[PDB]
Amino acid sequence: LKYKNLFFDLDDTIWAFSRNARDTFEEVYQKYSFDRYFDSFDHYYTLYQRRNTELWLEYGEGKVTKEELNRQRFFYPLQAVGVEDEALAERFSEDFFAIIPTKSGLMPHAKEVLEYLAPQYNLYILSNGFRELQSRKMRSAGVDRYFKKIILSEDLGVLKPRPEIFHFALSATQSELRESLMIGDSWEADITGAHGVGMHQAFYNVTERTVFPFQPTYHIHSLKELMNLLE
């Protein structure tokens, strides 16, 4: 086999982050009777997402700390509707973090695909997500067992797509570059990052992307395609 090491992103590649996070935010929204402050959950969540997206970029650029990232992203939607209650935002975030890692939703066919690949490849996670969440998410969903090691941006202090985290992931796992494949849903973090260091990439397209500044090594629309690609 050409590849010996498969590096998977976690969120929206293996774990159903968008689905699981929407469910969790809605549960916490309802718990705190947020219809008092917003027209609907979607009024809340669209505001939350707009700022959260901006914030994760600032974080990757070293413009906010993880702590400031978290403080701002749960407070932003409340202050956007005139609620200046920072303590309420903090209680909300505590409940979000208590619940999110308990969710078990995976991307389609993930368990089957991982069970198929595990005997034949070293399987790794390469993720920017929080150490106190990532392995818990994986256990809850029953997929932690497939992965030999989890490599986090927090291990190094550098987020995808910066090159350092990819070179670190290779060394940390005794992996040769030419024997490694990055599999992920983020064009900007996973595919651009891996391409940047000369590592092959399989772009898992769940955003209906049609425009490519460069072509990924492989372009798949289902994790099932991995079983065919890497048979």
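Quick note: we count residues from 1 along the sequence shown, nothing fancier.
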Assert higher mean C-alpha B factor (18-26 or 207-215, deposited values) equals 207-215
Quick note on 2-10 and 220-228: per-entry mean CA temperature factor is higher in 220-228
Per the deposited B-factor column, the C-alpha that peaks among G193, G184, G60, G198 belongs to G60
Top Cα B-factor in this entry, restricted to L106, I99, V158, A80, sits on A80
Of the three thirds of Cα B-factor ranks in this chain, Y32 occupies the highest
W56: C-alpha B-factor third of its chain, per the entry, is the highest
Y121: CA temperature factor from the record, placed by chain third, in the lowest
Chain-relative C-alpha B factor for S180 (record values, thirds): the lowest
Of the three thirds of the chain ranked by Cα temperature factor, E164 occupies the lowest
